[PDB]
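*Asks:* This is the structure I have questions about; it appears just below.
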Amino acid sequence: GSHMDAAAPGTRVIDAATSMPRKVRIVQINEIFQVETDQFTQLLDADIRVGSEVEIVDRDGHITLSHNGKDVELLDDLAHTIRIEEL
């Protein structure tokens, strides 16, 4: 049962956060090229890599992430694109 799709089999981070927030599991990241902004600052301390699931917070202007107790809000990785399967 392999799903082609040709554009990420799992749901989207902007289509599954818009409505009722749920725990989304990350299996791979996306969007990089050459970004040396704050994106690589708050995520440094927050050891949040592909594998664990977390509840997203679609805010009017930004997108925060809830991980047990700590929260990280930045671009790329945990914001737009990126694959997210499982519950």
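Ordering of the structure tokens sets the chain letters (A, B, ...); residue numbers start at 1 within each chain; ligands are numbered from 1 in the order shown.
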Please provide the set of residues having any atom within 9 Å of residue 11 of chain A, restricted to only C-alpha atoms, with same-chain residues fewer than 3 positions apart removed, written as a VMD selection string.
*Replies:* chain A and resid 8 14 to 16 24 83 to 85
*Asks:* Export C-alpha atoms of the chosen residues as a CSV table (one decimal), in the first residue's frame?
*Replies:*
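Generated file (selection_6.csv):
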chain,number,residue,atom,x,y,z
A,8,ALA,CA,4.4,14.3,0.5
A,14,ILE,CA,-0.7,24.3,7.1
A,15,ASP,CA,-3.7,22.2,6.4
A,16,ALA,CA,-3.7,20.2,9.7
A,24,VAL,CA,1.4,15.3,14.2
A,83,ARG,CA,6.0,15.7,5.9
A,84,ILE,CA,3.8,14.7,8.9
A,85,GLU,CA,2.2,11.2,9.1
*Asks:* Write out as a PyMOL selection string each polymer residue whose atoms come within 12 Å of segment 59-73 of chain A, counting only C-alpha atoms; drop sequence neighbours fewer than 3 positions from it.
*Replies:* chain A and resi 13-14+16-19+21-25+38-49+52-56+76-80
*Asks:* Now that the selection is made, can you save its residues with N, CA and C atoms as a CSV table (one decimal), in the first residue's frame?
*Replies:*
chain,number,residue,atom,x,y,z
A,13,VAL,N,1.4,20.8,7.1
A,13,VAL,CA,1.6,21.5,8.4
A,13,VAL,C,0.7,22.7,8.4
A,14,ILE,N,0.2,23.1,7.2
A,14,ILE,CA,-0.7,24.3,7.1
A,14,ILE,C,-2.1,23.9,6.9
A,16,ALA,N,-3.3,20.9,8.5
A,16,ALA,CA,-3.7,20.2,9.7
A,16,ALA,C,-3.5,21.0,10.9
A,17,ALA,N,-3.2,22.3,10.8
A,17,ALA,CA,-3.0,23.2,11.9
A,17,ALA,C,-4.1,24.3,11.9
A,18,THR,N,-4.6,24.5,10.7
A,18,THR,CA,-5.6,25.5,10.4
A,18,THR,C,-6.9,25.1,11.2
A,19,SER,N,-7.2,23.9,11.3
A,19,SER,CA,-8.4,23.4,12.0
A,19,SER,C,-8.0,22.9,13.4
A,21,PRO,N,-6.3,21.5,16.3
A,21,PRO,CA,-4.9,21.1,16.5
A,21,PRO,C,-4.8,19.7,17.1
A,22,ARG,N,-3.9,18.9,16.5
A,22,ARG,CA,-3.7,17.5,16.9
A,22,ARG,C,-2.2,17.2,16.9
A,23,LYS,N,-1.9,16.0,17.5
A,23,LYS,CA,-0.5,15.6,17.5
A,23,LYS,C,0.0,15.0,16.2
A,24,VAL,N,0.9,15.8,15.5
A,24,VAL,CA,1.4,15.3,14.2
A,24,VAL,C,2.8,14.8,14.4
A,25,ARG,N,3.1,13.7,13.8
A,25,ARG,CA,4.4,13.1,13.9
A,25,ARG,C,5.3,13.5,12.6
A,38,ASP,N,17.1,33.6,12.6
A,38,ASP,CA,16.8,33.1,14.0
A,38,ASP,C,16.3,31.7,14.0
A,39,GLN,N,15.9,31.2,12.8
A,39,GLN,CA,15.3,29.9,12.7
A,39,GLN,C,16.3,28.8,13.4
A,40,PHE,N,17.6,29.1,13.3
A,40,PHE,CA,18.5,28.2,14.0
A,40,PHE,C,19.0,28.8,15.3
A,41,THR,N,18.1,29.2,16.1
A,41,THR,CA,18.4,29.8,17.4
A,41,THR,C,17.6,29.2,18.5
A,42,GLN,N,16.3,29.3,18.5
A,42,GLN,CA,15.4,28.7,19.4
A,42,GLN,C,15.3,27.2,19.3
A,43,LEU,N,15.4,26.7,18.1
A,43,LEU,CA,15.4,25.3,17.8
A,43,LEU,C,16.6,24.6,18.3
A,44,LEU,N,17.7,25.4,18.6
A,44,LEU,CA,18.9,24.8,19.1
A,44,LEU,C,18.7,24.2,20.4
A,45,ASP,N,18.2,24.9,21.4
A,45,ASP,CA,17.9,24.4,22.7
A,45,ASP,C,16.9,23.3,22.7
A,46,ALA,N,15.8,23.5,21.9
A,46,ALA,CA,14.7,22.6,21.8
A,46,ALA,C,15.1,21.4,20.9
A,47,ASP,N,15.5,20.3,21.5
A,47,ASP,CA,15.9,19.1,20.7
A,47,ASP,C,14.7,18.5,20.1
A,48,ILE,N,14.1,19.1,19.1
A,48,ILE,CA,13.0,18.6,18.4
A,48,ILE,C,13.3,18.2,17.0
A,49,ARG,N,13.6,16.9,16.8
A,49,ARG,CA,14.0,16.4,15.5
A,49,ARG,C,12.8,15.5,14.9
A,52,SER,N,9.4,12.5,16.7
A,52,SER,CA,8.4,12.7,17.7
A,52,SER,C,7.2,13.5,17.2
A,53,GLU,N,6.1,13.4,17.8
A,53,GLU,CA,4.9,14.1,17.4
A,53,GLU,C,4.6,15.3,18.4
A,54,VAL,N,3.9,16.3,17.9
A,54,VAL,CA,3.6,17.4,18.8
A,54,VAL,C,2.4,18.2,18.2
A,55,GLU,N,1.7,19.0,19.1
A,55,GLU,CA,0.6,19.7,18.7
A,55,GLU,C,1.0,21.1,18.2
A,56,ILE,N,0.5,21.5,17.0
A,56,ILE,CA,0.8,22.8,16.4
A,56,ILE,C,-0.2,23.8,16.8
A,76,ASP,N,10.5,27.4,8.8
A,76,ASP,CA,11.1,26.1,8.3
A,76,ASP,C,11.0,25.0,9.4
A,77,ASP,N,11.2,23.8,9.0
A,77,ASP,CA,11.2,22.7,9.9
A,77,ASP,C,9.8,22.5,10.5
A,78,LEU,N,9.5,23.3,11.5
A,78,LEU,CA,8.2,23.3,12.1
A,78,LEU,C,7.3,24.5,11.8
A,79,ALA,N,6.9,24.6,10.6
A,79,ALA,CA,6.1,25.8,10.1
A,79,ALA,C,5.3,25.5,8.8
A,80,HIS,N,6.1,25.5,7.7
A,80,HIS,CA,5.5,25.2,6.4
A,80,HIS,C,6.1,23.9,5.8
*Asks:* Here is a test: counting only C-alpha atoms, which residue of A:58, A:2, A:50, A:31 is nearest to residue 75 of chain A?
*Replies:*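 Using only C-alpha atoms, the shortest distance to residue 75 of chain A belongs to A:31.
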*Asks:* Using only C-alpha atoms, can you tell me which of A:20, A:57, A:37, A:12 comes closest to residue 86 of chain A?
*Replies:*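 Nearest candidate to residue 86 of chain A out of A:20, A:57, A:37, A:12: A:12.
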*Asks:* Nearest residue to residue 82 of chain A out of A:5, A:36, A:51, A:30, using only C-alpha atoms?
*Replies:* A:30
*Asks:* Looking only at strand (DSSP E or B) from DSSP on the backbone, list the matching residues of chain A as a PyMOL selection string.
*Replies:* chain A and resi 11+23-28+50+52-58+63-67+70-72+83-85
*Asks:* With N, CA and C atoms retained, export the selected residues as a short mmCIF file (atom, residue, chain, number, x, y, z; two decimals), in the first residue's frame.
*Replies:*
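Saved as part11.cif:
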data_model
loop_
_atom_site.label_atom_id
_atom_site.label_comp_id
_atom_site.auth_asym_id
_atom_site.auth_seq_id
_atom_site.Cartn_x
_atom_site.Cartn_y
_atom_site.Cartn_z
N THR A 11 -0.09 14.39 5.76
CA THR A 11 -0.82 15.65 5.72
C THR A 11 0.14 16.83 5.69
N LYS A 23 -1.88 16.02 17.45
CA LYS A 23 -0.49 15.58 17.52
C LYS A 23 -0.03 15.03 16.18
N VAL A 24 0.88 15.75 15.54
CA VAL A 24 1.41 15.34 14.24
C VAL A 24 2.85 14.83 14.37
N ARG A 25 3.11 13.66 13.81
CA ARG A 25 4.44 13.07 13.86
C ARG A 25 5.26 13.46 12.64
N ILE A 26 6.49 13.93 12.87
CA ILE A 26 7.37 14.34 11.79
C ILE A 26 8.28 13.19 11.37
N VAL A 27 8.43 13.01 10.06
CA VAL A 27 9.27 11.94 9.53
C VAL A 27 10.39 12.51 8.66
N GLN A 28 10.25 13.76 8.25
CA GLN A 28 11.26 14.41 7.41
C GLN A 28 11.02 15.92 7.34
N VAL A 50 13.02 15.07 13.66
CA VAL A 50 12.02 14.23 13.01
C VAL A 50 11.90 12.88 13.71
N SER A 52 9.38 12.46 16.66
CA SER A 52 8.38 12.67 17.70
C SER A 52 7.22 13.51 17.18
N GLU A 53 6.07 13.38 17.82
CA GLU A 53 4.88 14.12 17.42
C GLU A 53 4.59 15.25 18.41
N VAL A 54 3.94 16.30 17.92
CA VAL A 54 3.60 17.45 18.76
C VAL A 54 2.39 18.19 18.21
N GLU A 55 1.73 18.97 19.07
CA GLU A 55 0.56 19.73 18.67
C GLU A 55 0.95 21.12 18.19
N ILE A 56 0.52 21.47 16.98
CA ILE A 56 0.82 22.77 16.40
C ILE A 56 -0.21 23.81 16.82
N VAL A 57 0.18 25.08 16.74
CA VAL A 57 -0.71 26.18 17.11
C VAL A 57 -0.78 27.22 16.00
N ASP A 58 -1.75 27.07 15.10
CA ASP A 58 -1.93 28.00 13.99
C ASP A 58 -2.42 29.35 14.49
N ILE A 63 3.06 30.48 13.72
CA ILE A 63 2.69 29.11 14.07
C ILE A 63 3.59 28.56 15.17
N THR A 64 3.05 28.47 16.38
CA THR A 64 3.80 27.96 17.52
C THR A 64 3.65 26.45 17.63
N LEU A 65 4.58 25.82 18.35
CA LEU A 65 4.55 24.37 18.54
C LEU A 65 4.66 24.01 20.02
N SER A 66 3.83 23.07 20.45
CA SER A 66 3.83 22.64 21.84
C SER A 66 4.47 21.26 21.98
N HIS A 67 5.53 21.18 22.78
CA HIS A 67 6.23 19.92 22.99
C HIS A 67 6.37 19.63 24.48
N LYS A 70 8.03 22.67 26.72
CA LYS A 70 8.69 23.73 25.97
C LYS A 70 7.97 23.98 24.65
N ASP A 71 8.15 25.19 24.11
CA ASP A 71 7.51 25.56 22.85
C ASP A 71 8.48 26.32 21.95
N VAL A 72 8.45 26.02 20.66
CA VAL A 72 9.33 26.67 19.70
C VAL A 72 8.54 27.21 18.51
N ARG A 83 6.94 16.87 5.91
CA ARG A 83 6.01 15.74 5.94
C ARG A 83 5.59 15.43 7.38
N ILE A 84 4.34 15.02 7.55
CA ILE A 84 3.81 14.69 8.87
C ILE A 84 2.75 13.59 8.78
N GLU A 85 3.14 12.37 9.13
CA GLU A 85 2.22 11.24 9.09
C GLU A 85 1.77 10.86 10.49
#
